[PDB]
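In the entry's author numbering, the protein residues as written are 1 to 185.
Report on the following structure.
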Amino acid sequence: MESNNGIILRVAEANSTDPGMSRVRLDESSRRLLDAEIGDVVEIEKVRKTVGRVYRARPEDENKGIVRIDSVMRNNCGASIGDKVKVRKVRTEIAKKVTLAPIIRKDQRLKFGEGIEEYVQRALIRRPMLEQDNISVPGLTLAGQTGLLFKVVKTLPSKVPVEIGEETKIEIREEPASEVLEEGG
Numbered sequence: 001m002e003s004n005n006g007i008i009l010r011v012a013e014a015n016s017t018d019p020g021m022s023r024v025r026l027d028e029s030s031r032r033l034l035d036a037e038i039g040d041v042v043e044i045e046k047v048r049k050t051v052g053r054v055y056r057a058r059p060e061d062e063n064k065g066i067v068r069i070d071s072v073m074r075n076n077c078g079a080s081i082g083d084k085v086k087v088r089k090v091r092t093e094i095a096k097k098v099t100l101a102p103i104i105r106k107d108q109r110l111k112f113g114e115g116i117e118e119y120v121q122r123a124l125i126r127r128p129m130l131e132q133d134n135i136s137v138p139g140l141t142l143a144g145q146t147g148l149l150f151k152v153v154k155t156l157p158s159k160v161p162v163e164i165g166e167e168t169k170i171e172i173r174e175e176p177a178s179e180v181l182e183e184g185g
């Protein structure tokens with residue numbers, strides 16, 4: 001009935017900034033082989049599950065089996081360039097409750113508590129969320145810190161790409177990257 005599936009292709013990326021980790025540029029066949037329409041919701045899964053949206057490849061002929069994403073999107077699952085990831089097309093929904101875990105240590109500057117759940121909702125509001133996903137912060141930092149990224153582990157939706165809204169509920173835990181070392185350096 002629903003017939004919801006995706007395709008396995010090769011992760012793409014270039015030294016250029018190529019900003020936009022939530023946008024997937026694909027060719028007409030990669031988009032139309034299933035149903036993906038302009039600006040539909042696409043999920044990606046190479047090593048782990050990730051979310052994103054469909055875009056048109058500049059070269060509507062080379063993107064017939066490669067997806068160009070930003071470094072963070074590639075870092076979200078744990079894959080390298082040219083690896084093989086599976087992209088499944090889906091739609092978005094309003095997540096009602098999502099929990100995440102900022103990874104830092106003695107260099108943790110992005111923690112406040114009290115209203116932090118709103119601070120996360122405000123920053124991540126109206127955004128696609130997928131448990132076990134990962135996020136990053138603009139070019140900001142302090143001493144020699146490491147990690148300093150958000151690690152989502154629990155969402156209310158069916159583990160499908162959902163969009164956060166001002167009404168969505170959030171949870172921030174106080175457990176940093178203890179016993180946690182995701183591949184990447």
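Beta carbons are placed, not taken as given, at the ideal position from N, Cα and C, and that holds for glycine.
Which residue's Cα is closest to the Cα of residue i: the options?
i	options	result
residue 161	172, 144 and 89	89
residue 85	115, 110 and 69	69
residue 151	77, 101, 29 and 75	101
residue 186	10, 41 and 18	No information on residue 186 is available, as it lies outside the stretch 1 to 185 that the chain covers here.
Quick one: what does DSSP say residue i is sitting in, helix, strand or coil?
i	result
residue 53	strand
residue 134	strand
residue 32	helix
How is the alpha helix (DSSP H) around residue i delimited, first residue to last?
i	result
residue 118	116 to 124
residue 90	Here residue 90 belongs to no alpha helix (DSSP H); instead the beta strand (DSSP E) covers 84 to 90.
residue 72	71 to 77
Around the C-beta of residue i, are 16 or more other C-beta atoms found within 10 angstroms, so that it is buried, or is it exposed?
i	result
residue 1	exposed
residue 8	exposed
residue 198	With the chain covering only 1 through 185, there is no way to say anything about residue 198.
residue 43	buried
Could you please give me the residues that DSSP links to residue i through a beta bridge?
i	result
residue 100	152 and 172
residue 59	BP columns for residue 59 are empty, so no partner.
residue 1	Paired residue(s): none; residue 1 is not in a bridge.
What residue does the beta strand (DSSP E) around residue i start on, and which one ends it?
i	result
residue 180	No beta strand (DSSP E) contains residue 180, which DSSP labels as neither H nor E.
residue 45	41 to 45
residue 68	66 to 68
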